[PDB]
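>>> need a 3D model of the sequence below.
(chains A, B, C and D)
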Amino acid sequence: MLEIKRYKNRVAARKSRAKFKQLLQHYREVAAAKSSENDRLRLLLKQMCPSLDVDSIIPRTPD
Amino acid sequence: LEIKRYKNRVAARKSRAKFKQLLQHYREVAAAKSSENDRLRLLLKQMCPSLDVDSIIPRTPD
DNA sequence: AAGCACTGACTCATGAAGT
DNA sequence: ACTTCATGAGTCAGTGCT
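Numbering: from 1, shown residues only, chains lettered A, B, ... in the order given. Now the structure:
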């Protein structure tokens, strides 16, 4: 039994490791996408409400 | 007996923390930005009620 | 250079969720 | 309690950095 169990775990570790690498790639992209969107919404709000100090209301967060 | 097993054991832990930390970091940044964006979308709605912002800047698929 | 730290991958032992 | 897949950590092999 140990032989096949060992083989199957070798497959699961490969899958787990690839799963973590893709997860990191994914959140790296989403962080950037959300950050750019944040910049777009702050600019649109400024265009529509030229008299509103957005940065003072909803302070920016680092990245 | 005797091996440089100790050094690599430490390096392995370090390499895994670096990655785990990076992942946690991006996750936090992503979550932080998302909440901020939801507050911005609400502010724009309550400031410019008759504006379809989603048709200008659709919500990012988290 | 040439040695030391970094990382990919295999194995072990446990963890977590569904039966 | 059993079965299975997922994962944190030690270890070895190969890589990369200075």
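
>>> only C-alpha atoms from now on, for both contacts and neighbour counts.
Fine.

>>> how about the residues of chain A near DNA strand D?
Along chain A, the residues adjacent to DNA strand D under the rule Cα under 7 Å from any atom of the strand are A:8, A:9, A:12, A:13, A:15, A:16, A:17, A:19, A:20.

>>> so which of those residues are also by DNA strand C?
Restricting these to those within reach of DNA strand C (Cα under 7 Å from any atom of the strand) leaves A:9, A:13, A:17.

>>> residue A:23 versus the last one, what's the distance?
In this case it means residue A:17. In this structure, residue A:17 and residue A:23 are 10 Å apart, going by Cα to Cα, to the nearest Å.

>>> which parts of chain A are helices?
For chain A, applying DSSP state H gives helices covering A:2-48, A:54-57.

>>> and these: which comes nearest chain B?
Evaluated with Cα to the nearest Cα, these place helix A:2-48 nearest to chain B, the distance being 4.2 Å.

>>> can you tell if that closest one touches chain B?
Yes: looking at helix A:2-48 against chain B by Cα under 8 Å from any Cα of the partner chain, the contacts come from A:23-24, A:27-28, A:30-35, A:37-38, A:40-42, A:45, A:48.

>>> that older thread, who wins for neighbours among the residues of chain A next to DNA strand D?
For the residues of chain A next to DNA strand D, neighbours were counted using other Cα atoms under 10 Å in any protein chain shown, and residue A:20 has the most, 14 neighbours in all.

>>> tell me the most buried of the helices of chain A?
Ranked by mean neighbour count, the helices of chain A are led by helix A:2-48 with a mean of 14 (mean count of other Cα atoms under 10 Å in any protein chain shown).

>>> and that one, what does it pack against?
Helix A:2-48 is packed against helix A:54-57, helix B:5-47, with contacts defined by 3 or more Cα pairs under 8 Å, 6 or more residues apart in numbering or on different chains; DSSP states H and E.
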